[PDB]
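Secondary and tertiary structure notes
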Amino acid sequence: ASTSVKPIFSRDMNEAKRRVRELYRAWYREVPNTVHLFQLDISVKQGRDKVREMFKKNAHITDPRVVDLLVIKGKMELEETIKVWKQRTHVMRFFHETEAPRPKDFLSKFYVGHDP
Amino acid sequence: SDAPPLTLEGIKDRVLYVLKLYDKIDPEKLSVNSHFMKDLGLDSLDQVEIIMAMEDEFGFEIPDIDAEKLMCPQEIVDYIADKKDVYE
Amino acid sequence: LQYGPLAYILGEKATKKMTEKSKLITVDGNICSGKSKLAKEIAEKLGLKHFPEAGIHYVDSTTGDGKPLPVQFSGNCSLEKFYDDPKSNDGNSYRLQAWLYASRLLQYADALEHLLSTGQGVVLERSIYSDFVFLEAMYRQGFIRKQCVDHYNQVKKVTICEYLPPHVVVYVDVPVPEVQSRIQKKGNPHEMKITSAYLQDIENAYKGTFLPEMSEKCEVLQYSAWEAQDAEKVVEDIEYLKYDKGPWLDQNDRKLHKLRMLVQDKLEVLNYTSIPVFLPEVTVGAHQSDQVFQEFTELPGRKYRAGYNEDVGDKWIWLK
Amino acid sequence: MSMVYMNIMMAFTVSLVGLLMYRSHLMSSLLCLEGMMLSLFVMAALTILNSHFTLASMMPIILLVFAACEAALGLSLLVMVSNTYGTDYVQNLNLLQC
Amino acid sequence: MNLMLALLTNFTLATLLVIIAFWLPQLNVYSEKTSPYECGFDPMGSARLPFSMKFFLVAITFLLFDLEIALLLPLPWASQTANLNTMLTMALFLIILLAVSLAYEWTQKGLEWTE
Amino acid sequence: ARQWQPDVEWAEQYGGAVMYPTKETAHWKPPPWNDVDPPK
Ligand SMILES: Nc1nc2c(ncn2[C@H]2C[C@H](O)[C@@H](COP(=O)(O)OP(=O)(O)OP(=O)(O)O)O2)c(=O)[nH]1
Ligand SMILES: [Mg+2]
């Protein structure tokens, strides 16, 4: 049948959502010494808040194969921050400290330009 | 010495102590049989953070399969007692 | 000239006698997995020698005449009784595990000596490294207590750290449902009582804590029930191994001298197997221990040192 | 005696007290052990050279050769402590008797 | 009076150049200017260099060889002795016992670097 | 009526770190059976 599709790691959501939790634990117990080695100027508080935001955006997913990739890519993004392959700039590219706000209210977009 | 045997009453004071120092939980409604998600209004990841917090004060690994069942402070206390062999 | 520092000086160095085929092969498996049939052929087609799996009477096989001794001089541990009433209050469960580990530990010392004495390889069934599968299977089912596990672990760490792991580990896989059926047709009334949940722990231990840890030290060649039926494939696979990992790569004559002087003396292999930890299961009262030790010396050829026993027709005792 | 004999012996007492009062570091004590030898080397040489004790002129050299050799033994022990605890603090050496 | 005056000059001049080299130039240091060079990349870890045993043996081996040198330095004066038979025996004893030290380290794999 | 020989309770008195436990020595433990503390 066409609907049947080969899996990646998990055969259903219940098994797939286990890895999200195991991945989350790795990140939560890695920020404090990530902020230490990289000598960042962000507290462990808002560092952990950032990981909360990243997961929360991929919360509407319902496909076990899509979730596996988002975990596989999540594990890679962690191996770079533990083996310090990333430099100080790469870790600070999540926090967007150099892009001016882009307001969402209609008037602000109307005043500035033609975009929606 | 200075390491008395663990007790269920003793554990429940250690368990609740961590939950007190959690900015997302109101200490007034902490209770001891209050569910983390039914009434306290916590999301799934909040429970995971608590279980991780419970491990530092009780040094031992809680496998994720076990963490799926610990959803109230009493169950946390029962789980540790079921693991460290303290019955009283 | 008995081996010793003088013999090592005079030339009996280990590396001058071991060839490229001097290896110590271990063949593992589950109950009724047919490891014995497989094991007897790996030794046969590699010019090695075979060691039957350590039974409760293994020690009696290498001492005296070599025949099994009455059950009293074994702790009254009987394999049959384990299956009938595994939850017995007399503590026969763990006392069976404790005794079998000692026999396997003694067997391993005999194996290492043979490899280091003449150079010939050796094939062994479940060894001291895989013996813990049964112990932790028993604990989960409730056949032993937590304290029985602690006593076993202490004896293991202070005794297993002195030896070298196997060169090649030949693991045979047999799904538990198949294991049950093989148990039925062999007609063993005591064995047929083995609860299935018990045979699942042996599999969980074998592939959950044994293979992953031993794969980073030794050579692992996993097989299935159908594959293991043929011995030529196993032998040729075991003849085309790289041997790129293991403690045996950092071994020289000096460190093998320290090993051979230990395997040679058996009262040093067993020294910690009777550490003074007063467990209810393995402790023996003073009156019972003394009474049994008195009977043992009254057997043929056990009263004096081997070679000075007139009752077995020894001669020259007055000049030997 | 002489003013020099006072200050050279003053240097031996100071080094001894430093050797008998450990702070935290095994290495820092080994230096005090070598400081004592230096004062003994100076004291012996002053007296032997100042008294024209010719055949005794080789004694300071024998003192230095053996004292240096023992220091090499001491350094080896210090290194082996570092491979076992990740530092050279004396307080890590409390397994025996406690 | 002449050796001390010469020693002071060689170390006074060496010092005078260091003071005029940290003060004459114009300095402007910021955070990344003063960071250790590394290799252009952020450091991997925060633990000092692990101990290497091979480097300690060469120091010790140099020391003990250097100690047997001091016993041989007086050889030029030791050859003016009337009893040459004894001197030539001891001189070749010290040197021979210095070759056995080398032979022992050589054969015990002490002069190798392949861990 | 047999002769009395020591039991487990009598024997364990000699199985401690010190013969006379006190406040200061309560933390002690018997050494390893092989005189080898695990590496760490
Ligand atoms: N509790 C416990 N039982 C053991 C231990 N070693 C063997 N046994 C038991 C399990 C089995 O019921 C019995 C024999 O096991 P086997 O490995 O020899 O299986 P079997 O002989 O039936 O077939 P096979 O040898 O493979 O040809 O002995 C042990 O270390 N602990
Ligand atoms: Mg069998």
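As recorded in the PDB entry, chain D goes by the name NADH-ubiquinone oxidoreductase chain 4L, listed as coming from Bos taurus. What the UniProt record of chain D gives under Subunit is the line "Core subunit of respiratory chain NADH dehydrogenase (Complex I) which is composed of 45 different subunits."

The name given to chain C in the PDB entry is NADH dehydrogenase [ubiquinone] 1 alpha subcomplex subunit 10, mitochondrial, and the organism recorded there is Bos taurus. In its Subunit section, UniProt records this for chain C: "Complex I is composed of 45 different subunits. This a component of the hydrophobic protein fraction."

Two side chains with opposite charge may pair up if their charged atoms get near one another. Applying the stated criterion across every chain yields a total of 29 salt bridges over all chains. Between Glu 219 of chain C and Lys 242 of chain C there is a salt bridge whose closest N-O contact spans 3.6 Å. Placement of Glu 219 of chain C in strand β5 (residues 219-223) and of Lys 242 of chain C in the loop between α10 (231-239) and α11 (253-263) is noted, with a sequence separation of 23 residues between them. Owing to a relative accessible area of 4%, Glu 219 of chain C belongs among the buried residues under this scheme. Through salt bridges with shared partners, a single ionic network connects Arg 52 of chain A together with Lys 24, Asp 43, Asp 46 and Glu 49 of chain B.

In a regular helix each residue adds 1.5 Å, so 17 residues correspond to 24 Å; helix α1 (residues 3-19) of chain D covers 25 Å between its end C-alpha atoms and thus fits that length. The secondary structure elements touched by the buried residues of α1 of chain D are α2 (26-50) of chain D.

Here the focus is the site of ligand 1. All names here are of chain C. As a matter of local geometry, ligand 1 sits amid 20 residues, with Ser 36, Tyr 83, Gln 97, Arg 126 and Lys 186 nearest to it. Contact distances for ligand 1 include 2.6 Å between a nitrogen atom and a side-chain N or O atom of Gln 97. Measuring from an oxygen atom of ligand 1, one finds a side-chain N or O atom of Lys 186 at 2.3 Å. Within the complex, 84% of the 640 Å² of free accessible area of ligand 1 lies under protein. At the level of elements, α2 (35-44), α4 (79-84), α5 (92-118) and α6 (132-141) are the ones that each hand at least two residues to the shell around ligand 1. Residues that form the shell around ligand 1 fall into these classes: nine nonpolar, four polar and seven charged.

Once that is clear, we can look at the UniProt feature "transmembrane region" in chain D. Residues and elements named next belong to chain D. Here the UniProt feature "transmembrane region" sits at residues 1-21, 29-49 and 61-81. This span, residues 1-21, is 81% helix and 0% strand, and a straight line between its end C-alpha atoms measures 30 Å. Spanning residues 61-81, this segment combines 100% helix with 0% strand, and its end C-alpha atoms are found 31 Å apart.

Quick look at the interface of chain D and chain E now. Of the residues lining the interface, ten residues belong to chain D; the matching set on chain E comes to eight residues. Of the roughly 780 Å² buried at the junction of chain D and chain E (both faces included), carbon and sulfur atoms supply 86%. Contact with chain E buries area across many residues of chain D, yet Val 65, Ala 72 and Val 79 of chain D alone supply 45% of it, more than any other trio. If you look at where chain D meets chain E, you find zero salt bridges. Residues belonging to the side of chain D that touches chain E are distributed by class as follows: eight nonpolar, two polar and no charged.

All right, on to the packing of α6 of chain C against helix α9 (residues 196-214) of chain C then. What describes two packed helices is the angle between their axes and the distance between those same axes. All names here are of chain C. Between α6 and α9, the shortest axis-to-axis distance is 8 Å and the interhelical angle comes to 135 degrees. As far as their axial angle goes, α9 and α6 are oblique. Here the hand of the crossing between α6 and α9 comes out right-handed. Here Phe 132, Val 133, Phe 134, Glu 136, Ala 137, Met 138, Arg 140 and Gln 141 of α6 lie close against α9, whose contacting residues are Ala 197, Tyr 198, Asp 201, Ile 202, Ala 205, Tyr 206, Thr 209, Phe 210 and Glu 213. Partitioning the contact of α6 with α9 into residue classes produces eleven nonpolar, two polar and four charged.

Turning next to the nonpolar core. Formed by 84 residues in total, the largest nonpolar core has its most connected members in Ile 42, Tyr 163, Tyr 198, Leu 199 and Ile 202 of chain C. Residue contributions to this core peak at eleven residues, all from α5 of chain C. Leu 42, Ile 50, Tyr 79 and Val 86 of chain B belong to the second-largest nonpolar core, a separate cluster that totals 25 residues.

Residue and element names in this part refer to chain D. Taken N-terminus to C-terminus, the directions of α1 and α2 make an angle of 160 degrees; their axes are 8 Å apart at the nearest point. With respect to their mutual orientation, α1 and α2 come out roughly antiparallel. Between α1 and α2 lies a crossing of left-handed hand. Every residue of α2 that contacts α1 at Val 4, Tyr 5, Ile 8, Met 9, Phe 12, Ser 15, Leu 16, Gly 18 and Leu 19 is listed here: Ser 29, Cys 32, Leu 33, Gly 35, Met 36, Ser 39, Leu 40, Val 42, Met 43, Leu 46 and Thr 47. A breakdown of the residues in the contact of α1 with α2 according to their chemical character gives 14 nonpolar, six polar and no charged.

Turning next to the side chain of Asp 28 of chain C. Residue and element names in this part refer to chain C. Here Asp 28 is to be found in strand β1 (residues 24-28). Buried charge without a salt bridge: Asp 28, with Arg 126 as the nearest opposite-charge side chain at an N-O distance of 6.1 Å. Within the local environment of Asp 28, its side chain forms a polar contact with the side chain of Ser 130, the two groups lying 2.8 Å apart. Residues in contact with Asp 28, not counting those within four places in the same chain, are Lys 35, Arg 126, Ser 130, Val 169, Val 170, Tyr 171, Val 172, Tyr 206 and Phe 210.

Checked against the element boundaries, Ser 35 of chain E lands in the loop between α1 (2-22) and α2 (53-72). Among the residues examined, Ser 35 of chain E registers a relative accessible area of 39% and is labelled partly exposed.

Moving on to the interface of chain B and chain A. Taken residue by residue, the interface counts 13 residues in chain B and ten residues in chain A. Across the chain B to chain A interface the summed buried area is about 1,100 Å²; carbon plus sulfur atoms make up 49%. Ranking the residues of chain B by area buried against chain A places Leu 45, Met 52 and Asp 64 of chain B at the top, with a combined share of 52%. The interface formed by chain B and chain A includes eight salt bridges. Linking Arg 52 of chain A and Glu 49 of chain B is a salt bridge whose minimum nitrogen-to-oxygen distance equals 3.5 Å. Our count for the chain B to chain A interface comes out at seven residue pairs in polar contact. Element by element, the count of residues in the side of chain B that touches chain A is highest for helix α2 (residues 44-57) of chain B, at seven residues. For the side of chain B that touches chain A, the residue count by class is five nonpolar, no polar and eight charged.

Attention now moves to α2 of chain B. Of all 14 residues in α2 of chain B, eleven are buried; the element is thus mostly enclosed. Burial in α2 of chain B covers these residues: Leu 45, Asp 46, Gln 47, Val 48, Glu 49, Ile 50, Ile 51, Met 52, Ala 53, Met 54 and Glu 55 of chain B. In this structure, the buried side of α2 of chain B is in contact with α1 (13-28) and α3 (44-57) of chain A together with α1 (8-20), α3 (64-67) and α4 (73-84) of chain B.

Residues and elements named next belong to chain C. Extensive coverage of strand β4 (residues 168-172) is indicated by the burial of five of its five residues. Note that β1 and β4 share four bridges and pair parallel. Within the sheet, the bridge partner assigned to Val 27 lies in β4 and is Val 170. Here five bridges tie β4 to β5, and the two strands are oriented parallel to one another. Looking at the pairing, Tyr 171 lines up with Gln 222 of β5.

Right, let's talk about the sheet that holds strand β3 (residues 122-124) of chain C for a bit. All names here are of chain C. Pairing in this open sheet of five strands is parallel, and the strands run β2-β3-β1-β4-β5 from one edge to the other. Strands with a single pairing partner mark the edges of an open sheet, and in this sheet they are β2 (49-51) and β5. Each neighbouring strand pair of the sheet contributes to a mean axis angle of 20 degrees, computed without reference to strand direction. Summarising the sheet, β2 and β3 pair through three bridges and their orientation is parallel. When the sheet's bridge partners are listed, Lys 49 is paired in β3 with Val 122. Contacting β1, β2 and β3, α5 crosses the sheet at an angle of about 165 degrees to β3.

The rules behind each value
Residues numbered from 1 in each chain as written, not as in the entry; some residues may be left out. Chains lettered and ligands numbered in written order. Part of a larger assembly, values for the part shown. Heavy atoms only, no water. UniProt positions renumbered as here; feature names shortened; annotations may be inferred. Salt bridge = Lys/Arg side-chain N within 4 Å of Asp/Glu carboxyl O. Helix = DSSP H or I, 4+ residues; strand = E, 2+ residues; numbered from the N terminus. Buried < 20%, exposed > 50% of the residue type's maximum accessible area, 1.4 Å probe, protein only. Expected span 1.5 Å × (residues − 1). Contact = heavy atoms within 4.5 Å. Near = heavy atom within 4 Å. Polar contact = N/O pair within 3.5 Å; in protein donor to acceptor, adjacent residues only side chain to side chain. Areas by Shrake-Rupley, 256 points an atom, 1.4 Å probe, with all protein chains shown as cover. Nonpolar A, V, L, I, M, F, W, Y, C, P; charged D, E, K, R; others polar. Buried area = accessible area lost by both parts, 1.4 Å probe. Axes fitted to C-alpha atoms, helices over the stretch in contact; angles between N-to-C directions. Parallel < 35°, antiparallel > 145°, perpendicular 65-115°, else oblique. Left-handed = near helix turned anticlockwise from the far one by under 90°. Core = buried A, V, L, I, M, F, W, Y, C linked by side-chain atoms within 4.5 Å. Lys, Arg positive; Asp, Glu negative; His and termini not counted. Pairing = 2+ DSSP bridges.

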